[PDB]
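Engineer:
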Ligand SMILES: *C(=O)/C=C/c1ccc(O)cc1
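In PDB author numbering, the protein residues as written are 1 to 125.
#1: If we require 4 or more residues per run, which alpha helix (DSSP H) segments fall completely within the stretch 12–37?
#2: Count the other CB atoms, across all protein chains shown, that sit within 10 Å of the CB of residue 125; report buried if there are 16 or more and exposed otherwise.
#3: Using a Cβ distance threshold of 8 Å, determine whether the stretch 45–60 contacts the stretch 75–90, with at least three qualifying pairs required.
#4: One question on the structure: do residue 100 and residue 51 come within less than 8 Å of each other, judged by their Cβ atoms?
#5: Once DSSP output is grouped into helix, strand and coil, what is the label at residue 103?
#6: On the DSSP bridge list, what partners appear for residue 61?
#7: Would you list the one or two residues that DSSP bridges to residue 118?
#8: Flag residue 98 as yes when its Cβ comes closer than 7 Å to any non-hydrogen atom of ligand 1, and as no otherwise.
#9: What are the partner residues of residue 123, as DSSP defines its beta bridges?
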């Protein structure tokens, strides 16, 4: 396991340019999205939490097809506000319930250092 904590102040630096295998070593779920919500990276911890196959979701749109329960002001709305300003950094609890047992989580979305890239981190509560 990579020694990185959820919510760490410099998480975007420690995860900067991490390959898919390194991301698979985290204690929490980690998704990377482009500014439209298309999935660029998706780690093993997230797949174990949600049931999605980390290999199959790459290239799908998170808000339109994988996670319609997040297509709301409280998730997607906050995401796109932070994309537009270039300073996305919000941590909030949420329930994931599309074609799955409703699963309550803490979400941390934060701008990544790479261009047109935004992290969504997820742990259970
Ligand atoms: C609501 O539809 C949430 C779905 C979901 C959240 C997070 C994932 O990694 C996959 C699906």
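Ideal Cβ placement from N, Cα and C applies to all residues, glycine included.
Structural biologist: The structure says:
#1: 20–23
#2: exposed
#3: no
#4: yes
#5: strand
#6: 38
#7: 33, 111
#8: yes
#9: 106
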